[PDB]
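Computed from heavy atoms alone, side chains included, the values below leave out hydrogens, waters and symmetry copies. A note on names: the letters A, B, ... follow the listed sequences, proteins ahead of strands, and every chain is numbered from 1.
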Amino acid sequence: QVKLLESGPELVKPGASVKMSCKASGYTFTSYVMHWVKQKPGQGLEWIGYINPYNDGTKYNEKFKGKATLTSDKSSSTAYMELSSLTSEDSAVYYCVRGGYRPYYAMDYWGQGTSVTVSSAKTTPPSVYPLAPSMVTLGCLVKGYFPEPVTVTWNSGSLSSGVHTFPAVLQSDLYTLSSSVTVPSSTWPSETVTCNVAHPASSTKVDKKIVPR
Amino acid sequence: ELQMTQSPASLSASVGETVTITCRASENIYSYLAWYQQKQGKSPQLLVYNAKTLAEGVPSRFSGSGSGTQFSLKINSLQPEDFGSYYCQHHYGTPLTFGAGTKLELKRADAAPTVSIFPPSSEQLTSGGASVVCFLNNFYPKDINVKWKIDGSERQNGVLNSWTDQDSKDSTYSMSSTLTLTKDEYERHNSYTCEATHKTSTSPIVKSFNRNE
């Protein structure tokens, strides 16, 4: 299978630079060009330019000219994009995409994408606070972490149905999010309920049990 | 540069229903247009290239058409899997410009929220802060207002709100509303009131608790 493998998430300071990677396999790396696409959260897809790994030739979106540099290494089937003088407006998921091979090159293979957060704000774990009052709605509040994302489960995925885990909001240069779980009144608090919060940037895992007050 | 105008931005519809997405090029792009589908949290997927050829796997219900400057994507008899976002893109020449995107959402009947209010957690209190949380769960449509009231006087400062994406099982939305105060300001009052105003009723659904109970 044709497969594109991108570099893990980045947290950079403004004014700095980042360089991401795209490992390509399952086809002749030199035979297809490699495009780069930018997507800010909740927003559209945006084309950057592409590298031709065969002759190292490049074509750029005017707007990203002198923001993004594209490169490739033949020997290791690898595509690279560097972004310089990083501003908050560079905070976005970035994709590498293989270019079709027709006739007319249609973009066909997308990688998982690489997330970049351009902030002076600094890695910070969250505080996890419980939320206790035929159904009961319990909660979990995830306050003051950075950067995104965090993952929430309840009872390590035992409780999948009836969960709402809301999008984080920037609370004074730090993120805040919450999560609700609805379960049968009879089951609680006899059966225990626990929110499992993970913040991979800080390698912190949290586990609040919801105690009835 | 080349300009692509995609319409509409958002569209709603029922399963079994047929919808059309339009894309306008500001210059003759002969027939070099592609369409993509992207679901929340996934990478985009090629649907149509060369303006009307389906990619492999793509259900027949999808159907591209057009030439020169006018293009449209028809999805016949929508299915649950079809809901998500669509993008057009010029694909043979630079710049491989994307449309702005169309978000496609599911219709259901108006639905009142299940509102829950939660008092600041004692653990948060020891940290000097106090967050009052209130969930307005599984409602339709997305428009809703929440009003916060402390001893019966409205409060706008320190209110953060977050809405989920459309629910994939029942098609409702859920909002979370957070009122943040300090332990002092908080300790200085009693009544904490969450009022939800929604086309589903004339009376706001009021949820409340008294700090001293």
Is any side-chain N of the basic residue among B:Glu187 and B:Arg211 closer than 4.0 Å to the acidic one's carboxylate O? yes

I'd like to know whether A:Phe29 forms a side chain to side chain contact (heavy atoms under 4.5 Å, CB included) with A:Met34, so could you lay out the CA-CA distance, the side-chain angles of the two residues, the decisive distance to 0.1 Å, and finally the verdict. CA-CA 9 Å; A:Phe29 183 67; A:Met34 200 65 182; 5.7 Å; no

For the residue pair A:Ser84 / A:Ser17, report whether a side-chain donor-acceptor contact shorter than 3.5 Å exists. no

The test is side chain to side chain donor-acceptor pair (under 3.5 Å); show your working for B:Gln124 and A:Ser127 and say whether it passes. CA-CA 8 Å; B:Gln124 188 181 36; A:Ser127 323; over 6 Å; no

Which of B:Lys207, B:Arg155, B:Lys149 passes salt bridge (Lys or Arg N to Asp or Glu O under 4.0 Å) with B:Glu195? It is B:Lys149

Determine whether A:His164 and B:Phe135 satisfy the following criterion, ring-ring contact (aromatic ring centres under 6.0 Å, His included), listing intermediate values before the conclusion. CA-CA 9 Å; A:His164 302 289; B:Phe135 295 127; 8.2 Å; no

Between B:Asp167 and B:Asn138, do the side chains contain a donor N or O and an acceptor N or O under 3.5 Å apart? no

Expected output: side-chain B:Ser176 to main-chain B:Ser162 donor-acceptor under 3.5 Å: no

Should B:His198 and B:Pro141 count as side-chain neighbours, where that means a heavy-atom distance under 4.5 Å? yes

Has B:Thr97 got a side-chain atom pairing as donor or acceptor with B:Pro95's backbone, closer than 3.5 angstrom? yes

Determine, stepwise, if the pair A:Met135 / B:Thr114 fulfils side chain to side chain contact (heavy atoms under 4.5 Å, CB included). CA-CA 11 Å; A:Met135 294 313 252; B:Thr114 303; over 6 Å; no

Can you confirm whether A:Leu141 sits close enough to B:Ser131 that some side-chain heavy atom of one is under 4.5 Å from a side-chain heavy atom of the other? yes

Would you please classify the geometry between the A:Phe146 ring and the A:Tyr175 ring as parallel, tilted or perpendicular, with 30° and 60° separating the classes? parallel

Give the C-alpha distance, both sets of side-chain angles, the deciding distance and a yes or no for side chain to side chain contact (heavy atoms under 4.5 Å, CB included) between B:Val15 and B:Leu106. CA-CA 8 Å; B:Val15 161; B:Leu106 242 182; 4.3 Å; yes

Non-hydrogen side-chain atoms of B:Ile150 and B:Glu185 separated by less than 4.5 Å: no

Hey, does A:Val142 have a side-chain heavy atom less than 4.5 Å from the side chain of A:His199? no

Taking the side chain as C-beta and beyond, is there a heavy-atom pair between B:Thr178 and A:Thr176 under 4.5 Å? no

Check: A:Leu131 and B:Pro119 side chains under 4.5 Å, non-hydrogen atoms: no

Between B:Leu181 and B:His189, is a side chain to side chain contact (heavy atoms under 4.5 Å, CB included) present by the stated rule, with each step listed? CA-CA 11 Å; B:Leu181 309 173; B:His189 305 300; 5.6 Å; no

If every non-hydrogen atom of A:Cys195 is compared with every non-hydrogen atom of A:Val128, which pair is closest and at what distance? SG-CG1, 4.0 Å

Here's a test for you: under side chain to side chain contact (heavy atoms under 4.5 Å, CB included), which of A:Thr114, A:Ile48, A:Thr69 qualifies with A:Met81? A:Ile48

For B:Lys199, is the NZ atom crowded, meaning more than 12 foreign heavy atoms sit under 6.0 Å from it? no

Please tell me whether B:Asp184 and B:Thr182 have a donor and an acceptor in their side chains that are separated by less than 3.5 angstrom. no

Is the backbone N or O of B:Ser191 less than 3.5 Å from a side-chain atom of B:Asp151, with the two atoms forming a donor-acceptor pair by type? yes

Side-chain contact test, heavy atoms from C-beta onward, threshold under 4.5 Å: evaluate it for A:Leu4 versus A:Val97 and give yes or no. no

Counting only N and O atoms by type, is there a donor-acceptor contact under 3.5 Å from the side chain of A:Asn61 to the main-chain atoms of A:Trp47? yes

Cation-pi, A:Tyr129 ring and A:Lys143 (6.0 angstrom, 45 degrees): no

Is there a side-chain contact between B:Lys74 and B:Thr18 (heavy atoms, below 4.5 Å)? yes

Check: B:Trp163 ring centre within less than 6.0 Å of B:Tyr173 ring centre: no

Have B:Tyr36 and B:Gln89 got a donor and an acceptor in their side chains that come within less than 3.5 Å? yes

